[PDB]
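Trainee: My structure is below; once you've seen it, I'll send some questions.
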Amino acid sequence: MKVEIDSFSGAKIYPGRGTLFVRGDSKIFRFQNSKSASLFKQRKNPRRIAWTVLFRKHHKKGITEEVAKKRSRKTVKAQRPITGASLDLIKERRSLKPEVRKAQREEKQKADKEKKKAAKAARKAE
Amino acid sequence: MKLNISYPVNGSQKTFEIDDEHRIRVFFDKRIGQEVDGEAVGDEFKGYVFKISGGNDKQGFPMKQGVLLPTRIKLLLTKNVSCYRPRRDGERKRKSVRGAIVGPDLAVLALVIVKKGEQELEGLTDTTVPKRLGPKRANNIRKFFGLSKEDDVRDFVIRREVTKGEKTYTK
RNA sequence: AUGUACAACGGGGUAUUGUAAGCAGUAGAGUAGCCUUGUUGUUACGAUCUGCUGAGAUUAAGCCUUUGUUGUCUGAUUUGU
RNA sequence: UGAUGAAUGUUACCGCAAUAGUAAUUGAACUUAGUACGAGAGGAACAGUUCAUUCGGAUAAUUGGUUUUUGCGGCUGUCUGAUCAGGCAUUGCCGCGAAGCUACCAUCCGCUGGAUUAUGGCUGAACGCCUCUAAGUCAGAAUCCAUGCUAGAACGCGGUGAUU
RNA sequence: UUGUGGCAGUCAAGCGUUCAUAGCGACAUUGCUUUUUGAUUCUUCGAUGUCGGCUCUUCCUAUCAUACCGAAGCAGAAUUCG
RNA sequence: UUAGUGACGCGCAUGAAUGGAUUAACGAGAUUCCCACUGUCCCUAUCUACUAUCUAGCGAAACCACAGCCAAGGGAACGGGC
RNA sequence: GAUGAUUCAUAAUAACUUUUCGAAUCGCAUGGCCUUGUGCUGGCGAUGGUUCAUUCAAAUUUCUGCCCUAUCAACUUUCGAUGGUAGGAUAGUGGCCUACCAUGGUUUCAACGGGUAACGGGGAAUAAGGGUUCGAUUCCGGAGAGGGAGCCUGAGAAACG
RNA sequence: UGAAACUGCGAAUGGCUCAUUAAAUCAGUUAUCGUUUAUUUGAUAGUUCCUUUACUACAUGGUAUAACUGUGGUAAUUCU
């Protein structure tokens, strides 16, 4: 057996208790009592009725079940092996930050090569 | 049901077929983004705690964050929002989607490991996968290696070696 | 006719209805008045609204129950193989 | 029609059962079966199962109705100086409304054994044969009589207790 | 009382492809009934409340149905007589 | 739909101040139909007040041959008496 | 300074703005000056941007003109009809809408209403001339995407492949 | 060189039909001193360091996210 919830009041409807109304939109409603049924037929609103679950919800009554969600503060903490990286060699390159003198010597060699190339281009133009 | 699980540290992911309604009633009556212990559903996941990221109900409809309502609805969907790929600029469309809350109506859950237990998984924890690409921006590289404003990114490049045939090249 | 006695009360439970009075509020359609002229200025009016409040009231007269309180428990008539 | 009751030594309890009354009713569907039968067209039945109709006897867990629960709340007019709380409006009106009563508008239930009629038969004469019949005899109807059900003879009775 | 009305019989010329009687039944004839209408005037004119319907009980059977059976011009089905 | 309305008309026996035909409005007039409405009904239930009921007090009348159980008979042809 | 004519253009002061725009872009060439540093300069383009103008247009709009009907003669104005004022909205004028106010507006020179087997024109047929009839249709302008209403995107749609 | 995908443009052009519509459309004729205008074409920003004397990267700042890797849902969609 299933247990149900009044479409108006929000109450468990045990078997052989209450009613069930089928409206010509093929929509089904359930009632635990002629009270809530009569109110439904008087077409009131539970958000305005003061004793219903929906009202207590909309007005935040005894609703401390949910508190809050927290915020995440934690780094990735995983040097992923990017697969063109060779993660051991990747850590090696990350630790080899100093010694920019090698980069400077390479830049000086490139400067000499660029000067030689400009000279060769000028000579070929000549 | 089925559990498509992801360990993002390794970057791996695997599916698991599951039974035991009275192990998945833990997931029942929950939302997407919450946390859940693992031994409650499986002793293999002991010490593991999982976060939920999505799901796909029977008949194929996904879920969506904080919508509400364990049942299905139809919603108008536009750009910069999940579950809808616009095929025309400014377009919008009324699509069926399933709620954020968890229930028995799902065939799939989408799980992610935020913290590891004590026993290790063969498909996620043991194996690891690579970051299929590396940076392309200079400052991205400079903070990747933490170098400087001067440390020759052209030297700190990553290159991929492909072997078309006998000849190979580092791209 | 002196006891897991009976009653009247009280308390608790169960039910019904629907959130009492009173107090407070930088809630409130707006309107007057003030002067320290305002840099929310405050005082007065004002249906109603919100909190204290699923609160309060009623609840056996043919509902349940009682470790409580207070009482009551020898009047009359008749009858014989 | 229901309801009391004198006298039976008293009083009380448990009982018996003469007599009287009597109640259950009908249909559909599935299956039996597209079977039997029949050239075909068409088209059954017994048993079984699930339901239902008419009637009756109860019941009130549920639903529904009823509301002087004058129980809760609300509303108009007037009056109590205003408030609070109330009166009156031949039950002032409205909504909800327990309890009780109640509804095929709700739920439950509604027994089986024998003797027979018609009729079909057994053996078998009368009539050397034949026959259900004459003697005997079998099975058999929604019939009747009991089982069961309702009263309990107030001049019908028993057992039992205590009997100033 | 029972003409009239209603109901049931006896006989059996014929109908029924043949076949009096499955089911019918002419000409004739013996009866029953008092739910018809008449006839009569016994009772009541010093008053027996007048038609129908509503409601309710009971009875009769000349049984519409339901239970059992028999017969058929009854293959089944349906129907008819009892 | 024995009703109603429109039509037909050799009209038992229509008909012209015995007034004929028509007619807005009107009607506690008569009639039919439709909408709404409903306990009129399906199909009955419940509540209230005053009664009935019991009691104190007060306290009549109609009627009365004698009276008061039935069946059948016969009888003035339907008796409480036989 | 201009216009037929402006509160025009344009300029200037005071402040305002949740603050716009004012190049973190790309290719080819690679050259000159030297205190030779990866020093300082440097070409031809593509793309992008404010404002003005232009062009492509768009929206509103002046004047004149349309078939048949009186067996349609009075129509509009409640709840917008004609106008005025102010404001909102618009890209912008304006009853386009709202508030207040006045009582106006159209009509026998045919209003209003109805009908059309009516999209209008440029034009087609037939004609001495005048004319009558037609024109959905190869061009222009409109409207529509099964009927209605609505809306995002964008310079541009009430878009319909 | 170059698929895919992001981005920018276009997709409102064109094409089809004549249902609506009778001062409405439309024609010719005016006006915008009453307005918007992608694209073109031609012109066109020295002025922006904000207590603007360390506040700053100006040889130049940061974050996602597709495509793709792989795990899947769906009976199915130019779904996800």
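Ordered as shown in the structure tokens, chains take letters A, B, and onward, while each chain numbers its residues from 1 and ligands are numbered from 1 in the order shown.
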Could you work out which residues of chain A fall inside 9 Å of chain G? Count only C-alpha atoms (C1' of nucleotides), and format the result as a list in words.
Mentor: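 Every residue meeting the condition is included here: residues 107, 108, 110 and 111 of chain A.
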Trainee: I need the chosen residues saved as a JSON list (two decimals), in the first residue's frame, with N, CA and C atoms.
Mentor:
[["chain", "number", "residue", "atom", "x", "y", "z"],
["A", 107, "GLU", "N", 70.09, 33.52, -26.24],
["A", 107, "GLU", "CA", 69.67, 34.77, -26.87],
["A", 107, "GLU", "C", 70.85, 35.49, -27.51],
["A", 108, "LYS", "N", 72.03, 35.45, -26.88],
["A", 108, "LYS", "CA", 73.20, 36.06, -27.48],
["A", 108, "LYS", "C", 73.65, 35.33, -28.74],
["A", 110, "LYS", "N", 71.65, 33.67, -30.67],
["A", 110, "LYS", "CA", 70.64, 34.05, -31.65],
["A", 110, "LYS", "C", 70.88, 35.45, -32.19],
["A", 111, "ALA", "N", 71.34, 36.37, -31.34],
["A", 111, "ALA", "CA", 71.66, 37.72, -31.81],
["A", 111, "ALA", "C", 72.81, 37.69, -32.81]]
Trainee: What are the residues of chain D lining chain A at 8 Å or less? Count only C-alpha atoms (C1' of nucleotides), and put the answer as a PDB file with N, CA, C and O atoms (P, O5', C5', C4', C3', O3' and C1' of nucleotides), in the first residue's frame.
Mentor:
ATOM      1  P     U D  62     -14.407   6.197  11.230  1.00  0.00           P
ATOM      2  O5'   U D  62     -14.239   5.986   9.668  1.00  0.00           O
ATOM      3  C5'   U D  62     -12.955   5.770   9.116  1.00  0.00           C
ATOM      4  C4'   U D  62     -13.019   5.533   7.633  1.00  0.00           C
ATOM      5  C3'   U D  62     -13.826   6.542   6.839  1.00  0.00           C
ATOM      6  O3'   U D  62     -13.096   7.716   6.543  1.00  0.00           O
ATOM      7  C1'   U D  62     -14.446   4.362   6.197  1.00  0.00           C
ATOM      8  P     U D  63     -13.789   9.154   6.673  1.00  0.00           P
ATOM      9  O5'   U D  63     -14.748   9.212   5.411  1.00  0.00           O
ATOM     10  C5'   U D  63     -14.205   9.041   4.117  1.00  0.00           C
ATOM     11  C4'   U D  63     -15.258   9.072   3.039  1.00  0.00           C
ATOM     12  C3'   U D  63     -16.356  10.107   3.189  1.00  0.00           C
ATOM     13  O3'   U D  63     -15.968  11.390   2.745  1.00  0.00           O
ATOM     14  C1'   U D  63     -17.318   8.025   2.681  1.00  0.00           C
ATOM     15  P     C D  96     -19.336  23.748   4.941  1.00  0.00           P
ATOM     16  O5'   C D  96     -18.250  23.303   6.012  1.00  0.00           O
ATOM     17  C5'   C D  96     -16.885  23.239   5.646  1.00  0.00           C
ATOM     18  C4'   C D  96     -15.972  23.146   6.839  1.00  0.00           C
ATOM     19  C3'   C D  96     -16.222  22.000   7.789  1.00  0.00           C
ATOM     20  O3'   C D  96     -15.744  20.752   7.331  1.00  0.00           O
ATOM     21  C1'   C D  96     -15.948  23.957   9.033  1.00  0.00           C
TER      22        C D  96
END
Trainee: Just checking: using only C-alpha atoms, which residue out of A:63, A:4, A:95, A:41 ends up closest to residue A:21?
Mentor: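 Counting only C-alpha atoms, the residue closest to residue A:21 is A:41.
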Trainee: At a cut-off of 10 Å, which residues of chain H touch chain B? Count only C-alpha atoms (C1' of nucleotides) and give the answer as a PDB file with N, CA and C atoms (P, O5', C5', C4', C3', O3' and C1' of nucleotides), in the first residue's frame.
Mentor:
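As written to disk, out-v1.pdb reads:
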ATOM      1  P     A H  11      20.509  38.611 -44.202  1.00  0.00           P
ATOM      2  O5'   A H  11      20.030  37.104 -44.035  1.00  0.00           O
ATOM      3  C5'   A H  11      19.645  36.345 -45.170  1.00  0.00           C
ATOM      4  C4'   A H  11      19.427  34.891 -44.839  1.00  0.00           C
ATOM      5  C3'   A H  11      18.256  34.563 -43.922  1.00  0.00           C
ATOM      6  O3'   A H  11      17.017  34.493 -44.609  1.00  0.00           O
ATOM      7  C1'   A H  11      20.184  33.453 -43.154  1.00  0.00           C
ATOM      8  P     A H  57      53.646  46.319 -11.393  1.00  0.00           P
ATOM      9  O5'   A H  57      53.790  46.101 -12.962  1.00  0.00           O
ATOM     10  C5'   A H  57      52.913  45.228 -13.653  1.00  0.00           C
ATOM     11  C4'   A H  57      53.286  45.113 -15.107  1.00  0.00           C
ATOM     12  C3'   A H  57      53.136  46.377 -15.936  1.00  0.00           C
ATOM     13  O3'   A H  57      54.192  47.306 -15.780  1.00  0.00           O
ATOM     14  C1'   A H  57      52.118  44.612 -17.074  1.00  0.00           C
ATOM     15  P     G H  61      51.145  40.318 -20.251  1.00  0.00           P
ATOM     16  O5'   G H  61      50.081  41.288 -19.564  1.00  0.00           O
ATOM     17  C5'   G H  61      50.229  41.656 -18.198  1.00  0.00           C
ATOM     18  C4'   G H  61      48.964  41.495 -17.384  1.00  0.00           C
ATOM     19  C3'   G H  61      48.292  40.129 -17.385  1.00  0.00           C
ATOM     20  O3'   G H  61      48.910  39.174 -16.547  1.00  0.00           O
ATOM     21  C1'   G H  61      46.662  41.782 -17.701  1.00  0.00           C
ATOM     22  P     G H  62      48.523  37.621 -16.699  1.00  0.00           P
ATOM     23  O5'   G H  62      46.968  37.561 -16.365  1.00  0.00           O
ATOM     24  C5'   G H  62      46.510  37.519 -15.024  1.00  0.00           C
ATOM     25  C4'   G H  62      45.032  37.225 -14.946  1.00  0.00           C
ATOM     26  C3'   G H  62      44.593  35.835 -15.373  1.00  0.00           C
ATOM     27  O3'   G H  62      44.786  34.856 -14.367  1.00  0.00           O
ATOM     28  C1'   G H  62      43.138  37.456 -16.300  1.00  0.00           C
ATOM     29  P     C H  68      34.237  16.688 -30.902  1.00  0.00           P
ATOM     30  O5'   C H  68      35.689  16.249 -30.419  1.00  0.00           O
ATOM     31  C5'   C H  68      36.756  16.117 -31.346  1.00  0.00           C
ATOM     32  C4'   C H  68      38.073  15.897 -30.645  1.00  0.00           C
ATOM     33  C3'   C H  68      38.076  14.803 -29.589  1.00  0.00           C
ATOM     34  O3'   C H  68      38.277  13.510 -30.130  1.00  0.00           O
ATOM     35  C1'   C H  68      38.975  16.758 -28.658  1.00  0.00           C
ATOM     36  P     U H  69      37.846  12.211 -29.289  1.00  0.00           P
ATOM     37  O5'   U H  69      38.706  12.318 -27.955  1.00  0.00           O
ATOM     38  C5'   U H  69      40.083  11.975 -27.930  1.00  0.00           C
ATOM     39  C4'   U H  69      40.516  11.580 -26.543  1.00  0.00           C
ATOM     40  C3'   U H  69      39.625  10.556 -25.858  1.00  0.00           C
ATOM     41  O3'   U H  69      39.949   9.226 -26.222  1.00  0.00           O
ATOM     42  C1'   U H  69      39.977  12.375 -24.402  1.00  0.00           C
ATOM     43  P     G H  70      38.791   8.191 -26.630  1.00  0.00           P
ATOM     44  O5'   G H  70      38.131   7.798 -25.237  1.00  0.00           O
ATOM     45  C5'   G H  70      38.928   7.290 -24.179  1.00  0.00           C
ATOM     46  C4'   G H  70      38.250   7.461 -22.845  1.00  0.00           C
ATOM     47  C3'   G H  70      36.819   6.956 -22.758  1.00  0.00           C
ATOM     48  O3'   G H  70      36.742   5.565 -22.516  1.00  0.00           O
ATOM     49  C1'   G H  70      36.937   9.134 -21.862  1.00  0.00           C
ATOM     50  P     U H  71      35.339   4.803 -22.677  1.00  0.00           P
ATOM     51  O5'   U H  71      34.448   5.388 -21.494  1.00  0.00           O
ATOM     52  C5'   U H  71      34.671   4.973 -20.156  1.00  0.00           C
ATOM     53  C4'   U H  71      33.671   5.574 -19.200  1.00  0.00           C
ATOM     54  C3'   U H  71      32.214   5.247 -19.463  1.00  0.00           C
ATOM     55  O3'   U H  71      31.862   3.951 -19.013  1.00  0.00           O
ATOM     56  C1'   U H  71      32.437   7.540 -18.929  1.00  0.00           C
ATOM     57  P     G H  72      31.168   2.897 -20.007  1.00  0.00           P
ATOM     58  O5'   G H  72      29.607   3.160 -19.824  1.00  0.00           O
ATOM     59  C5'   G H  72      28.905   4.056 -20.674  1.00  0.00           C
ATOM     60  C4'   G H  72      27.843   4.815 -19.919  1.00  0.00           C
ATOM     61  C3'   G H  72      26.471   4.892 -20.574  1.00  0.00           C
ATOM     62  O3'   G H  72      25.680   3.736 -20.376  1.00  0.00           O
ATOM     63  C1'   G H  72      27.116   7.045 -19.917  1.00  0.00           C
ATOM     64  P     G H  73      24.481   3.399 -21.393  1.00  0.00           P
ATOM     65  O5'   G H  73      23.348   4.458 -21.029  1.00  0.00           O
ATOM     66  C5'   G H  73      22.756   4.474 -19.740  1.00  0.00           C
ATOM     67  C4'   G H  73      21.817   5.642 -19.568  1.00  0.00           C
ATOM     68  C3'   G H  73      20.614   5.693 -20.495  1.00  0.00           C
ATOM     69  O3'   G H  73      19.524   4.950 -19.981  1.00  0.00           O
ATOM     70  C1'   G H  73      21.670   7.826 -20.397  1.00  0.00           C
ATOM     71  P     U H  74      19.387   3.371 -20.235  1.00  0.00           P
ATOM     72  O5'   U H  74      18.100   3.258 -21.158  1.00  0.00           O
ATOM     73  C5'   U H  74      18.138   3.743 -22.487  1.00  0.00           C
ATOM     74  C4'   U H  74      17.418   5.057 -22.623  1.00  0.00           C
ATOM     75  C3'   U H  74      16.570   5.211 -23.874  1.00  0.00           C
ATOM     76  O3'   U H  74      15.265   4.679 -23.707  1.00  0.00           O
ATOM     77  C1'   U H  74      17.892   7.173 -23.503  1.00  0.00           C
ATOM     78  P     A H  75      14.955   3.125 -23.981  1.00  0.00           P
ATOM     79  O5'   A H  75      15.773   2.803 -25.304  1.00  0.00           O
ATOM     80  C5'   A H  75      15.420   1.708 -26.133  1.00  0.00           C
ATOM     81  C4'   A H  75      14.996   2.158 -27.508  1.00  0.00           C
ATOM     82  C3'   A H  75      15.559   3.485 -27.995  1.00  0.00           C
ATOM     83  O3'   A H  75      16.866   3.374 -28.530  1.00  0.00           O
ATOM     84  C1'   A H  75      13.236   3.394 -28.432  1.00  0.00           C
ATOM     85  P     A H  76      17.738   4.692 -28.829  1.00  0.00           P
ATOM     86  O5'   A H  76      16.788   5.611 -29.721  1.00  0.00           O
ATOM     87  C5'   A H  76      16.707   5.438 -31.129  1.00  0.00           C
ATOM     88  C4'   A H  76      15.630   6.301 -31.743  1.00  0.00           C
ATOM     89  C3'   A H  76      15.880   7.800 -31.732  1.00  0.00           C
ATOM     90  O3'   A H  76      16.726   8.230 -32.783  1.00  0.00           O
ATOM     91  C1'   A H  76      13.712   7.382 -30.929  1.00  0.00           C
ATOM     92  P     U H  78      16.366  14.825 -36.506  1.00  0.00           P
ATOM     93  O5'   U H  78      17.562  15.771 -36.042  1.00  0.00           O
ATOM     94  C5'   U H  78      18.890  15.267 -35.961  1.00  0.00           C
ATOM     95  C4'   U H  78      19.843  16.253 -35.331  1.00  0.00           C
ATOM     96  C3'   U H  78      19.252  17.122 -34.220  1.00  0.00           C
ATOM     97  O3'   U H  78      20.238  17.362 -33.215  1.00  0.00           O
ATOM     98  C1'   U H  78      20.134  18.501 -35.896  1.00  0.00           C
ATOM     99  P     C H  79      20.642  16.203 -32.180  1.00  0.00           P
ATOM    100  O5'   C H  79      20.009  16.678 -30.799  1.00  0.00           O
ATOM    101  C5'   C H  79      18.606  16.830 -30.655  1.00  0.00           C
ATOM    102  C4'   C H  79      18.188  16.855 -29.206  1.00  0.00           C
ATOM    103  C3'   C H  79      19.205  17.419 -28.222  1.00  0.00           C
ATOM    104  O3'   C H  79      19.086  18.825 -28.093  1.00  0.00           O
ATOM    105  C1'   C H  79      18.425  15.314 -27.454  1.00  0.00           C
ATOM    106  P     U H  80      20.246  19.685 -27.395  1.00  0.00           P
ATOM    107  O5'   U H  80      20.501  18.941 -26.016  1.00  0.00           O
ATOM    108  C5'   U H  80      21.764  18.366 -25.740  1.00  0.00           C
ATOM    109  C4'   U H  80      21.717  17.480 -24.529  1.00  0.00           C
ATOM    110  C3'   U H  80      22.979  17.472 -23.691  1.00  0.00           C
ATOM    111  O3'   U H  80      23.033  18.577 -22.808  1.00  0.00           O
ATOM    112  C1'   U H  80      22.295  15.254 -24.092  1.00  0.00           C
TER     113        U H  80
END
Trainee: Can you pull out the residues contacting residue E:33? Cut-off 10 Å, using only C-alpha atoms (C1' of nucleotides), and skip same-chain residues under 6 positions away; I want them as a PDB file with N, CA, C and O atoms (P, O5', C5', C4', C3', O3' and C1' of nucleotides), in the first residue's frame.
Mentor:
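Output saved as part.pdb:
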ATOM      1  P     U E   2     -77.708 -21.779 -13.173  1.00  0.00           P
ATOM      2  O5'   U E   2     -77.165 -20.796 -14.293  1.00  0.00           O
ATOM      3  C5'   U E   2     -78.036 -20.384 -15.330  1.00  0.00           C
ATOM      4  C4'   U E   2     -77.458 -19.287 -16.180  1.00  0.00           C
ATOM      5  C3'   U E   2     -76.139 -19.612 -16.870  1.00  0.00           C
ATOM      6  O3'   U E   2     -76.147 -19.051 -18.176  1.00  0.00           O
ATOM      7  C1'   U E   2     -75.907 -17.637 -15.635  1.00  0.00           C
ATOM      8  P     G E   6     -66.280 -14.298 -24.819  1.00  0.00           P
ATOM      9  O5'   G E   6     -65.387 -14.820 -23.615  1.00  0.00           O
ATOM     10  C5'   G E   6     -64.583 -13.914 -22.878  1.00  0.00           C
ATOM     11  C4'   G E   6     -64.063 -14.528 -21.605  1.00  0.00           C
ATOM     12  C3'   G E   6     -63.491 -15.931 -21.716  1.00  0.00           C
ATOM     13  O3'   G E   6     -62.164 -15.961 -22.199  1.00  0.00           O
ATOM     14  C1'   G E   6     -64.961 -15.830 -19.881  1.00  0.00           C
ATOM     15  P     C E   7     -61.653 -17.223 -23.046  1.00  0.00           P
ATOM     16  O5'   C E   7     -61.649 -18.414 -21.993  1.00  0.00           O
ATOM     17  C5'   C E   7     -60.823 -18.355 -20.844  1.00  0.00           C
ATOM     18  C4'   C E   7     -60.999 -19.557 -19.954  1.00  0.00           C
ATOM     19  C3'   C E   7     -60.903 -20.913 -20.622  1.00  0.00           C
ATOM     20  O3'   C E   7     -59.579 -21.322 -20.894  1.00  0.00           O
ATOM     21  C1'   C E   7     -62.774 -20.890 -19.210  1.00  0.00           C
ATOM     22  P     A E  62     -55.456 -24.879 -11.477  1.00  0.00           P
ATOM     23  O5'   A E  62     -55.562 -24.710 -13.044  1.00  0.00           O
ATOM     24  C5'   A E  62     -56.677 -24.036 -13.591  1.00  0.00           C
ATOM     25  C4'   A E  62     -56.290 -23.116 -14.715  1.00  0.00           C
ATOM     26  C3'   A E  62     -55.354 -21.983 -14.326  1.00  0.00           C
ATOM     27  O3'   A E  62     -54.506 -21.642 -15.420  1.00  0.00           O
ATOM     28  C1'   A E  62     -57.441 -21.097 -15.016  1.00  0.00           C
TER      29        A E  62
END
Trainee: If you run DSSP on this backbone, which residues of chain A come out as strand (DSSP E or B), and could you give them as a list in words?
Mentor: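 Answer for chain A restricted to strand (DSSP E or B) is residues 4, 5, 12, 13, 19, 20, 21, 22, 23, 27, 28, 29, 30 and 31 of chain A.
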Trainee: Near residue C:11, within 12 Å and counting only C-alpha atoms (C1' of nucleotides), which residues show up once chain neighbours fewer than 4 positions away are dropped, as a PyMOL selection string?
Mentor: chain C and resi 65-66+68-69
Trainee: Can those selected residues be exported to a file as a PDB file, in the first residue's frame so that it contains C-alpha atoms (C1' of nucleotides)?
Mentor:
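This went into result36.pdb:
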ATOM      1  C1'   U C  65      -7.105   7.768  31.418  1.00  0.00           C
ATOM      2  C1'   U C  66      -5.801   9.038  36.360  1.00  0.00           C
ATOM      3  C1'   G C  68      -3.302  14.428  42.441  1.00  0.00           C
ATOM      4  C1'   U C  69      -7.305  17.561  45.582  1.00  0.00           C
TER       5        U C  69
END
Trainee: Which residues of chain A have any atom within 7 Å of an atom in chain B when counting only C-alpha atoms, and what is the closest pair of atoms for each, with the distance in Å to one decimal? Order the rows by chain and rising number and write it as a Markdown table.
Mentor:
| residue | atom | partner | partner_atom | distance |
| --- | --- | --- | --- | --- |
| A:78 | CA | B:9 | CA | 6.1 |
| A:80 | CA | B:130 | CA | 6.1 |
| A:81 | CA | B:130 | CA | 5.0 |
| A:82 | CA | B:131 | CA | 4.1 |
| A:83 | CA | B:130 | CA | 5.5 |
| A:84 | CA | B:160 | CA | 5.0 |
| A:85 | CA | B:158 | CA | 6.4 |
| A:94 | CA | B:145 | CA | 4.9 |
| A:97 | CA | B:147 | CA | 5.4 |
| A:100 | CA | B:151 | CA | 6.2 |
| A:103 | CA | B:152 | CA | 6.4 |
Trainee: Take the residues that were just selected and, keeping N, CA, C and O atoms, output them as a compact mmCIF listing (two decimals), in the first residue's frame.
Mentor:
# COMPACT_ATOMS: atom_id res chain seq x y z
N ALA A 78 47.43 18.20 -7.91
CA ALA A 78 47.70 17.06 -8.79
C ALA A 78 48.37 17.59 -10.05
O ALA A 78 47.70 18.12 -10.94
N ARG A 80 49.20 16.91 -13.24
CA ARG A 80 48.77 15.85 -14.15
C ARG A 80 49.82 15.64 -15.25
O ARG A 80 50.35 16.61 -15.79
N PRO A 81 50.13 14.38 -15.62
CA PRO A 81 51.10 14.16 -16.70
C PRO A 81 50.50 14.46 -18.06
O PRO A 81 49.89 13.59 -18.69
N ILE A 82 50.65 15.70 -18.54
CA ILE A 82 49.98 16.20 -19.73
C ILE A 82 50.26 15.38 -21.00
O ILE A 82 49.67 15.66 -22.05
N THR A 83 51.15 14.40 -20.92
CA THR A 83 51.40 13.38 -21.93
C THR A 83 52.27 13.87 -23.08
O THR A 83 52.64 13.06 -23.94
N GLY A 84 52.60 15.15 -23.12
CA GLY A 84 53.75 15.63 -23.87
C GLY A 84 54.76 16.20 -22.90
O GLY A 84 55.66 16.95 -23.29
N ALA A 85 54.62 15.83 -21.62
CA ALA A 85 55.30 16.49 -20.52
C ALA A 85 56.29 15.58 -19.80
O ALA A 85 57.32 16.07 -19.33
N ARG A 94 60.03 22.30 -13.78
CA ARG A 94 59.47 23.22 -12.80
C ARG A 94 60.49 23.57 -11.72
O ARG A 94 60.46 24.69 -11.19
N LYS A 97 63.71 26.36 -12.55
CA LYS A 97 63.44 27.78 -12.75
C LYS A 97 64.69 28.66 -12.79
O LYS A 97 64.78 29.49 -13.71
N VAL A 100 68.77 31.26 -15.63
CA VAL A 100 68.38 31.97 -16.84
C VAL A 100 69.60 32.43 -17.63
O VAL A 100 69.45 33.00 -18.72
N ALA A 103 69.42 30.74 -20.93
CA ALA A 103 68.55 31.47 -21.85
C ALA A 103 69.24 32.71 -22.40
O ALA A 103 69.09 33.03 -23.58
Trainee: I want to know what sits within 10 Å of stretch 14-17 of chain H, based on only C-alpha atoms (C1' of nucleotides), with residues of the same chain fewer than 5 positions away left out; could you give that as a PDB file with C-alpha atoms (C1' of nucleotides), in the first residue's frame?
Mentor:
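Listing of out-v1.pdb after writing:
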ATOM      1  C1'   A G 136      -4.239  36.155 -59.960  1.00  0.00           C
ATOM      2  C1'   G G 144       0.596  36.265 -46.066  1.00  0.00           C
ATOM      3  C1'   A G 145       3.169  31.435 -44.660  1.00  0.00           C
TER       4        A G 145
END
Trainee: Give me the residues within 8 Å of residue A:51 as number ranges by chain, counting only C-alpha atoms (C1' of nucleotides) and dropping any in the same chain fewer than 5 places off.
Mentor: A: 9, 56; C: 18, 54
Trainee: Any chance you could tabulate, as CSV, the residues of chain G at most 10 Å from chain B with each one's nearest atom pair and distance in Å to one decimal, using only C-alpha atoms (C1' of nucleotides), in chain and rising number order?
Mentor:
residue,atom,partner,partner_atom,distance
G:152,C1',B:90,CA,5.1
G:153,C1',B:90,CA,3.9
G:154,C1',B:90,CA,9.0
Trainee: Can those selected residues be exported to a file as a PDB file, in the first residue's frame so that it contains C-alpha atoms (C1' of nucleotides)?
Mentor:
ATOM      1  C1'   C G 152      14.417  36.484 -28.593  1.00  0.00           C
ATOM      2  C1'   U G 153      18.383  37.449 -31.983  1.00  0.00           C
ATOM      3  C1'   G G 154      19.986  41.463 -34.862  1.00  0.00           C
TER       4        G G 154
END
Trainee: Considering only C-alpha atoms (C1' of nucleotides), return as a count of residues only whatever protein or nucleic-acid residues lie within 10 Å of stretch 57-64 of chain C, sequence-local ones (same chain, fewer than 6 positions apart) excluded.
Mentor: 12
Trainee: Find the distance between atom CA of residue B:21 and atom CA of residue B:71 and write it in Å to one decimal.
Mentor: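 Interatomic distance here is 19.0 Å.
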Trainee: So the first atom is atom CA of residue B:23 and the second is atom CA of residue B:101; what is the distance between them in Å, to one decimal place?
Mentor: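 Interatomic distance here is 17.3 Å.
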Trainee: Where does DSSP see alpha helix (DSSP H) in stretch 62-162 of chain B, if you list the residues as a PyMOL selection string?
Mentor: chain B and resi 138-144
Trainee: Could the residues in this selection be written to a file with C-alpha atoms, as a PDB file, in the first residue's frame?
Mentor:
ATOM      1  CA  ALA B 138      52.558  32.706 -22.233  1.00  0.00           C
ATOM      2  CA  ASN B 139      51.485  33.776 -18.749  1.00  0.00           C
ATOM      3  CA  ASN B 140      49.607  30.497 -18.366  1.00  0.00           C
ATOM      4  CA  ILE B 141      52.963  28.784 -18.880  1.00  0.00           C
ATOM      5  CA  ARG B 142      54.740  31.248 -16.600  1.00  0.00           C
ATOM      6  CA  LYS B 143      52.387  30.382 -13.744  1.00  0.00           C
ATOM      7  CA  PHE B 144      52.335  26.700 -14.719  1.00  0.00           C
TER       8      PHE B 144
END
